[PDB]
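Residue numbers (the deposited numbering), protein chains in the order written: chain T, 50 to 98; chain S, 1 to 132; chain V, 1 to 131; chain U, 50 to 98; chain W, 607 to 608, 614 to 639, 652 to 707; chain i, 64 to 125. Before any comments, here is the structure.
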Amino acid sequence: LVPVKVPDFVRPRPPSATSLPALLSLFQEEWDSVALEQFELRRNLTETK
Amino acid sequence: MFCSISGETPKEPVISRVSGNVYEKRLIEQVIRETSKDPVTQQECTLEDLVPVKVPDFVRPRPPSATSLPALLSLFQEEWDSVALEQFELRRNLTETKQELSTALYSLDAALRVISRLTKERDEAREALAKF
Amino acid sequence: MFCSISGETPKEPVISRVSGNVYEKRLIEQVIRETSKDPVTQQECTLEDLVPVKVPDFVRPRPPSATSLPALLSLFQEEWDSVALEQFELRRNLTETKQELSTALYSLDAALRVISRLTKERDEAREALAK
Amino acid sequence: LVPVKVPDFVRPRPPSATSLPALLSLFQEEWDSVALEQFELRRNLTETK
Amino acid sequence: XXXXXXXXXXXXXXXXXXXXXXXXXXXXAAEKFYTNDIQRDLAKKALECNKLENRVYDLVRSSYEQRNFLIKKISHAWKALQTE
Amino acid sequence: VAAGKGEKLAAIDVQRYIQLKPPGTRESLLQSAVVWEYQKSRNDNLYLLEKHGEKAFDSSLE
């Protein structure tokens with residue numbers, strides 16, 4: 050492998066950013082969005098066959 | 001976003017596979033035709049070795065945001081790694097205060113035995129002199 | 001085994017050459033970027049001074065258990081909730097140990113003023129005894 | 050040579066089970082599989098399409 | 607008037628350090656003062672937060688829309704890509 | 064993960080920090096002290112954002 054360099058990527062952390070929403074609301078939505086997508090993606094693979 | 005050779009915004013970016021860096025195709029092509037090398041590291045590189053920038057394949061991506069699970073996990077490292085240094089500011093300053101308290105309470109314990117003897121001696125000199 | 005900044009087990013430890021102390025690469029860099037110094041000895045040290053140490057073997061992964069994953073969410077919640085109070089309790093104690101230290105310094109300097117008047121009462125007594 | 054153990058102004062935390070920093074490391078390790086699974090599921094999705 | 616004196620001061624400093632860690636572990652009358660200290664913080668900090676938020680929001684809700692309406696363009700630029 | 068998606072139910076998080084209550088007990092003494100440290104971390108987390116401000120946002124917009 051060969052590592053590449055670029056001008057780096059920047060994400061603007063939201064204005065309502067605290068330990069509280071990042072622990073509770075944001076992290077909850079991320080494991081919801083991972084769960085309901087792959088389940089729905091498994092549903093899409095079953096119908097294609 | 002930039003081309004490393006010219007400094008412009010490249011309109012046809014092609015990444016090399018010897019020194020990982022985004023070059024403009026038209027610029028890097030002329031650099032290779034001059035001599036078969038990569039401009040940065042001076043390692044050998046041909047035109048077929050260079051590769052255009054592409055959409056990954058079939059997995060759809062989304063832009064780098066605060067929501068995205070990996071960006072959120074690297075955020076929580078920044079939180080804890082900064083708070084760990086906050087603890088050093090209070091551990092190091094505690095080792096100065098308790099060290100100054102230890103020498104202060106020792107000077108207090110060494111001095112108050114001399115206050116107890118002068119209160120004895122000045123009253124004993126008043127007890128002695130007044131009786132005579 | 002322990003990096004002397006955070007308290008973690010270092011995953012890419014680096015040692016300072018001005019003072020023999022294995023730090024973690026991330027944490028020592030932030031300190032040098034703040035001020036070019038060593039956190040323990042306060043000696044002039046730089047980023048190029050650091051020598052990356054190798055520790056391939058010690059790395060030992062925690063296998064919490066079969067443990068339900070929805071519960072592991074509430075563990076990480078509780079552990080951040082605990083560390084937030086374990087950082088808070090350690091700072092108010094530092095402020096009150098410095099505060100109670102300042103009360104001793106007033107008594108220390110107030111006492112050595114009271115000895116000066118007591119020495120005068122002894123000096124006045126030694127003059128009267130001679131007469 | 051730098052001799053002797055290092056712990057000073059640090060407090061000892063023997064590689065603990067219910068600590069904190071490794072929980073985030075564990076959260077990364079399980080996500081690393083989530084991405085690898087989603088790739089192979091999508092390949093077969095589009096390759097069947 | 608004031614090796615052996617250095618060790619007796621280090622031992623007494625460890626004893627007072629253990630008494631300071633014992634007075635802290637018992638606490639975690653006094654509870655009402657900490658809650659009011661937070662009500663000052665909650666007031667002072669959240670007023671600063673609401674000022675920082677609304678100042679940011681005014682500048683950044685526009686840049687959010689700018690950034691978020693651009694994200695929706697990837698979702699359509701991708702969806703057409705596959706059909707082609 | 065498959066059970067959470069099938070059942071259509073997200074696992075409940077810590078709904079504690081936001082509400083709390085004055086004259087509580089040793090339990091709310093902790094809950095109070097939690098609100099302070101996170102509020103101080105919050106007000107420090109809003110300072111480093113406002114310092115850069117809109118420059119860091121519009122750099123990502125590009």
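Just so it is clear, CB atoms sit at the ideal spot from N, CA and C, and this is done for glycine as well.
- For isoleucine 15 of chain V, the uninterrupted beta strand (DSSP E) run begins and ends at 13–16, by DSSP.
- Cβ-Cβ distances below 8 Å link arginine 17 of chain S to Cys45, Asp49, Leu50, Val51 in the same chain, with the five nearest sequence neighbours on each side left out; the list follows chain order.
- For the segment 112–131 of chain V, the set of residues with a beta-carbon nearer than 8 Å to any beta-carbon of chain S comprises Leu112, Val114, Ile115, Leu118, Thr119, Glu121, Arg122, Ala125, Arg126, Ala128, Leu129, in chain order.
- Inter-segment contact for the segment 693–705 of chain W and the segment 55–69 of chain S is present: three or more beta-carbon pairs are separated by less than 8 Å.
- Per DSSP, the continuous alpha helix (DSSP H) segment holding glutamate 29 of chain S begins and ends at 25–34.
- Counting along the chain, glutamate 100 of chain i sits inside the alpha helix (DSSP H) bounded by residues 89–108.
- With respect to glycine 7 of chain V, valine 83 of chain U sits apart: the two C-beta atoms are not nearer than 7 Å.
- The contact set of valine 55 of chain S on chain W, defined by CB atoms closer than 9 Å, consists of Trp701, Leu704 in chain order.
- Annotation for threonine 41 of chain S: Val18, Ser19 place their beta carbon closer than 7 Å to its own, counting only its chain and skipping 5 residues before and after.
- The closest CA to that of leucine 47 of chain V, considering only V/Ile15, V/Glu124, V/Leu129, V/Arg113, is found on V/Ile15.
- With contacts defined as CB atoms closer than 7 Å, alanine 74 of chain i and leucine 73 of chain V qualify as a contacting pair.
- Listed by position along chain i, the residues whose Cβ is nearer than 8 Å to that of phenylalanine 88 of chain V are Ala96, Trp99, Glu100.
- A direct Cα-Cα distance of roughly 7 Å separates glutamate 121 of chain S from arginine 122 of chain V.
- Here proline 52 of chain S carries a strand assignment [DSSP, helix/strand/coil].
- Going by DSSP, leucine 73 of chain U is part of the alpha helix (DSSP H) stretching over 70–97.
- Listed in chain order, the non-local C-beta contacts of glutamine 43 of chain S below 8 Å within the same chain comprise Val18, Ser19, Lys37, local neighbours out to five positions each way being set aside.
- When C-beta distances to chain V are compared with 9 Å, the residues of the segment 66–85 of chain T below that value are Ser68, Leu72, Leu73, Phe76, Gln77, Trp80, in chain order.
- For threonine 95 of chain S, same chain residues with a beta-carbon under 6 Å away, outside a window of 5 residues either side, do not exist.
- DSSP places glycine 69 of chain i in the helix class (H, G or I) of the three-state scheme.
- For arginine 62 of chain V, there is no enclosing alpha helix (DSSP H), as DSSP gives it neither H nor E.
- Around the beta carbon of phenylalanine 656 of chain W, fewer than 16 other beta carbons lie within 10 angstroms, which makes this residue exposed.
- With a threshold of 7 Å between beta carbons, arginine 62 of chain S makes no contact with chain U.
- Among the CB atoms of chain S, one or more fall inside 7 Å of the CB of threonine 95 of chain U.
- Here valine 114 of chain S carries a helix assignment [DSSP, helix/strand/coil].
- Taking C-alpha positions only, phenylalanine 120 of chain i is separated from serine 65 of chain U by approximately 39 Å.
- In this model, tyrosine 110 of chain i and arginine 113 of chain S are separated by some 53 Å (Cα to Cα).
- Looking at the backbone, the Cα of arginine 117 of chain V and that of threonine 103 of chain V are separated by about 22 Å.
- In the displayed model, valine 77 of chain i falls within coil according to three-state DSSP, outside both helix and strand.
- Taking 7 Å as the threshold, the shortest C-beta distance from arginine 17 of chain S to chain T falls below it.
- Within the DSSP bridge table, the entry for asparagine 21 of chain S names T/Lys54 as partners.
- Remark: C-beta atoms of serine 91 of chain i and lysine 84 of chain i approach each other more closely than 7 Å.
- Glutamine 77 of chain T has its alpha-carbon roughly 7 Å from the corresponding atom of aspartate 76 of chain i.
- Here the C-alpha atom of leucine 101 of chain V lies approximately 31 Å from the C-alpha atom of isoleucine 32 of chain V.
- For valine 51 of chain T, no Cβ of chain i is located within less than 7 Å of the residue's own Cβ.
- Contact annotation, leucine 69 of chain U with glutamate 79 of chain V: C-beta distance approximately 5 Å; criterion of less than 8 Å satisfied.
- Proximity of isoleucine 32 of chain V to chain S, defined by a Cβ-Cβ separation below 7 Å, is not satisfied.
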